[PDB]
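Trainee: One file: data-v4.txt (compact mmCIF, N, CA, C and O atoms).
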```txt
# COMPACT_ATOMS: atom_id res chain seq x y z
N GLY I 1 0.82 -1.22 0.00
CA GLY I 1 0.00 0.00 0.00
C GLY I 1 0.85 1.26 0.00
O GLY I 1 1.97 1.26 0.50
N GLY I 2 0.29 2.35 -0.53
CA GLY I 2 0.92 3.68 -0.51
C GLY I 2 2.10 3.85 -1.47
O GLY I 2 2.24 3.13 -2.46
N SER I 3 2.93 4.86 -1.19
CA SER I 3 4.07 5.27 -2.02
C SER I 3 5.23 4.25 -2.04
O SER I 3 5.49 3.54 -1.06
N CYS I 4 5.96 4.19 -3.15
CA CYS I 4 7.12 3.31 -3.32
C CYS I 4 8.29 3.69 -2.38
O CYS I 4 8.38 4.81 -1.87
N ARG I 5 9.20 2.74 -2.16
CA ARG I 5 10.46 2.91 -1.43
C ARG I 5 11.58 3.37 -2.38
O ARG I 5 11.77 2.77 -3.44
N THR I 6 12.31 4.42 -2.02
CA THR I 6 13.47 4.97 -2.76
C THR I 6 14.76 4.20 -2.42
O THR I 6 14.75 3.31 -1.57
N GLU I 7 15.89 4.53 -3.05
CA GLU I 7 17.18 3.87 -2.78
C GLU I 7 17.57 3.92 -1.29
O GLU I 7 17.51 4.97 -0.64
N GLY I 8 17.98 2.77 -0.74
CA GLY I 8 18.43 2.63 0.66
C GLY I 8 17.30 2.57 1.71
O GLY I 8 17.59 2.27 2.87
N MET I 9 16.04 2.80 1.32
CA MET I 9 14.86 2.56 2.16
C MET I 9 14.56 1.06 2.31
O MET I 9 14.92 0.27 1.43
N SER I 10 13.91 0.65 3.40
CA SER I 10 13.64 -0.76 3.73
C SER I 10 12.44 -1.36 2.99
O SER I 10 11.41 -0.71 2.79
N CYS I 11 12.59 -2.63 2.62
CA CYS I 11 11.73 -3.37 1.69
C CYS I 11 11.89 -4.90 1.78
O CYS I 11 12.73 -5.43 2.52
N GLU I 12 11.08 -5.62 1.00
CA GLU I 12 11.15 -7.07 0.76
C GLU I 12 11.50 -7.45 -0.69
O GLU I 12 11.94 -8.58 -0.91
N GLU I 13 11.29 -6.57 -1.68
CA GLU I 13 11.51 -6.89 -3.10
C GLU I 13 11.39 -5.65 -4.01
O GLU I 13 10.91 -4.59 -3.60
N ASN I 14 11.72 -5.84 -5.30
CA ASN I 14 11.52 -4.89 -6.39
C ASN I 14 10.12 -4.25 -6.41
O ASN I 14 10.01 -3.05 -6.63
N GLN I 15 9.06 -5.02 -6.17
CA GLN I 15 7.66 -4.59 -6.31
C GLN I 15 7.23 -3.43 -5.39
O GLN I 15 6.31 -2.69 -5.76
N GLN I 16 7.88 -3.20 -4.24
CA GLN I 16 7.68 -1.97 -3.46
C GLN I 16 8.73 -0.88 -3.75
O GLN I 16 8.53 0.30 -3.45
N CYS I 17 9.89 -1.28 -4.28
CA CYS I 17 11.06 -0.44 -4.51
C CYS I 17 10.96 0.27 -5.88
O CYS I 17 10.94 -0.39 -6.92
N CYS I 18 10.97 1.60 -5.92
CA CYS I 18 10.76 2.37 -7.17
C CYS I 18 11.87 2.13 -8.22
O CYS I 18 11.68 2.38 -9.41
N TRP I 19 13.02 1.59 -7.80
CA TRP I 19 14.10 1.15 -8.68
C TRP I 19 13.77 -0.12 -9.48
O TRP I 19 14.56 -0.46 -10.37
N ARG I 20 12.68 -0.85 -9.18
CA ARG I 20 12.36 -2.17 -9.78
C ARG I 20 13.59 -3.08 -9.79
O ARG I 20 14.01 -3.58 -10.83
N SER I 21 14.24 -3.19 -8.63
CA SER I 21 15.55 -3.83 -8.47
C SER I 21 15.67 -4.54 -7.12
O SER I 21 14.91 -4.24 -6.20
N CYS I 22 16.62 -5.48 -7.04
CA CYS I 22 16.79 -6.42 -5.94
C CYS I 22 16.83 -5.77 -4.54
O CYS I 22 17.57 -4.82 -4.29
N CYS I 23 16.11 -6.36 -3.59
CA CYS I 23 16.10 -5.93 -2.21
C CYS I 23 15.93 -7.14 -1.30
O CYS I 23 14.91 -7.83 -1.30
N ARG I 24 16.95 -7.38 -0.48
CA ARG I 24 16.96 -8.35 0.63
C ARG I 24 16.94 -7.69 2.01
O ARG I 24 17.08 -8.37 3.03
N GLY I 25 16.71 -6.38 2.06
CA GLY I 25 16.51 -5.58 3.27
C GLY I 25 16.33 -4.10 2.96
O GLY I 25 15.45 -3.46 3.54
N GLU I 26 17.09 -3.57 2.00
CA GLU I 26 17.02 -2.19 1.48
C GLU I 26 17.06 -2.15 -0.06
O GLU I 26 17.66 -3.04 -0.68
N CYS I 27 16.45 -1.14 -0.69
CA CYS I 27 16.37 -1.02 -2.16
C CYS I 27 17.77 -0.90 -2.79
O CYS I 27 18.46 0.10 -2.59
N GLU I 28 18.16 -1.91 -3.58
CA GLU I 28 19.53 -2.08 -4.11
C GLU I 28 19.57 -2.46 -5.60
O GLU I 28 18.54 -2.62 -6.25
N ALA I 29 20.79 -2.58 -6.15
CA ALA I 29 21.04 -3.08 -7.51
C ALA I 29 21.74 -4.46 -7.56
O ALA I 29 21.17 -5.37 -8.17
N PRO I 30 22.92 -4.69 -6.94
CA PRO I 30 23.54 -6.02 -6.91
C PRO I 30 22.78 -6.97 -5.97
O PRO I 30 22.67 -6.72 -4.77
N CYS I 31 22.30 -8.09 -6.51
CA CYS I 31 21.43 -9.08 -5.85
C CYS I 31 22.22 -10.10 -4.99
O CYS I 31 21.96 -11.31 -5.04
N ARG I 32 23.25 -9.65 -4.28
CA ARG I 32 24.15 -10.42 -3.46
C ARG I 32 24.82 -9.54 -2.42
O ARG I 32 25.21 -8.40 -2.71
N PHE I 33 25.01 -10.10 -1.24
CA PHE I 33 25.81 -9.53 -0.16
C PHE I 33 27.32 -9.67 -0.44
O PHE I 33 27.81 -10.71 -0.92
N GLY I 34 28.06 -8.60 -0.14
CA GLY I 34 29.49 -8.46 -0.44
C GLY I 34 29.85 -8.63 -1.93
O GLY I 34 28.98 -8.54 -2.80
N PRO I 35 31.14 -8.87 -2.24
CA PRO I 35 31.62 -9.12 -3.60
C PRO I 35 31.08 -10.40 -4.26
O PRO I 35 31.02 -10.42 -5.51
```
Hey, can you dump this file as C-alpha cells for me?
Mentor:
Amino acid sequence: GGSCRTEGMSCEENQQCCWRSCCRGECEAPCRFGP
C-alpha cells in the first residue's frame, strides 16, 4: 500500500522499490551480499 520505497529505504523486493531492483533488506542493484 501507498508510495514506493526509494534507494536505501527498507523493503522485501523490487515490487515496493521504485528502482524495480533487488532488495533483501534495502532497495539495491547487486542481488548479493558483499563481492
Trainee: Write down as a ChimeraX atom specification the residues belonging to chain I that are assigned strand (DSSP E or B) by DSSP computed on the backbone.
Mentor: /I:5,10,17,26
Trainee: Can you pull out the residues contacting residue 14 (chain I)? Cut-off 8 Å, using only N, CA, C and O atoms, and skip same-chain residues under 3 positions away; I want them as a CSV table (one decimal) with N, CA, C and O atoms, in the coordinates of the input.
Mentor:
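Done, and the output landed in out36.csv:
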```
chain,number,residue,atom,x,y,z
I,4,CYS,N,6.0,4.2,-3.2
I,4,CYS,CA,7.1,3.3,-3.3
I,4,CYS,C,8.3,3.7,-2.4
I,4,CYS,O,8.4,4.8,-1.9
I,5,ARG,N,9.2,2.7,-2.2
I,5,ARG,CA,10.5,2.9,-1.4
I,5,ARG,C,11.6,3.4,-2.4
I,5,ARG,O,11.8,2.8,-3.4
I,11,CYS,N,12.6,-2.6,2.6
I,11,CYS,CA,11.7,-3.4,1.7
I,11,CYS,C,11.9,-4.9,1.8
I,11,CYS,O,12.7,-5.4,2.5
I,17,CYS,N,9.9,-1.3,-4.3
I,17,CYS,CA,11.1,-0.4,-4.5
I,17,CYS,C,11.0,0.3,-5.9
I,17,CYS,O,10.9,-0.4,-6.9
I,18,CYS,N,11.0,1.6,-5.9
I,18,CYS,CA,10.8,2.4,-7.2
I,18,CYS,C,11.9,2.1,-8.2
I,18,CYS,O,11.7,2.4,-9.4
I,19,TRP,N,13.0,1.6,-7.8
I,19,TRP,CA,14.1,1.2,-8.7
I,19,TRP,C,13.8,-0.1,-9.5
I,19,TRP,O,14.6,-0.5,-10.4
I,20,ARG,N,12.7,-0.8,-9.2
I,20,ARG,CA,12.4,-2.2,-9.8
I,20,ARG,C,13.6,-3.1,-9.8
I,20,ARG,O,14.0,-3.6,-10.8
I,21,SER,N,14.2,-3.2,-8.6
I,21,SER,CA,15.6,-3.8,-8.5
I,21,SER,C,15.7,-4.5,-7.1
I,21,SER,O,14.9,-4.2,-6.2
I,22,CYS,N,16.6,-5.5,-7.0
I,22,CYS,CA,16.8,-6.4,-5.9
I,22,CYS,C,16.8,-5.8,-4.5
I,22,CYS,O,17.6,-4.8,-4.3
I,23,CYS,N,16.1,-6.4,-3.6
I,23,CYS,CA,16.1,-5.9,-2.2
I,23,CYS,C,15.9,-7.1,-1.3
I,23,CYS,O,14.9,-7.8,-1.3
I,24,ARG,N,17.0,-7.4,-0.5
I,24,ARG,CA,17.0,-8.4,0.6
I,24,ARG,C,16.9,-7.7,2.0
I,24,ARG,O,17.1,-8.4,3.0
I,27,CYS,N,16.4,-1.1,-0.7
I,27,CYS,CA,16.4,-1.0,-2.2
I,27,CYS,C,17.8,-0.9,-2.8
I,27,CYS,O,18.5,0.1,-2.6
I,28,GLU,N,18.2,-1.9,-3.6
I,28,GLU,CA,19.5,-2.1,-4.1
I,28,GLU,C,19.6,-2.5,-5.6
I,28,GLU,O,18.5,-2.6,-6.2
```
Trainee: Provide the atom O of residue 2 (chain I) to atom C of residue 25 (chain I) distance in Å, to one decimal place.
Mentor: 16.7 Å
Trainee: One decimal, Å: what's the distance from atom C of residue 30 (chain I) over to atom N of residue 3 (chain I), could you say?
Mentor: 23.6 Å
Trainee: Report the distance between atom O of residue 15 (chain I) and atom N of residue 35 (chain I) in Å, rounded to one decimal place.
Mentor: 25.8 Å
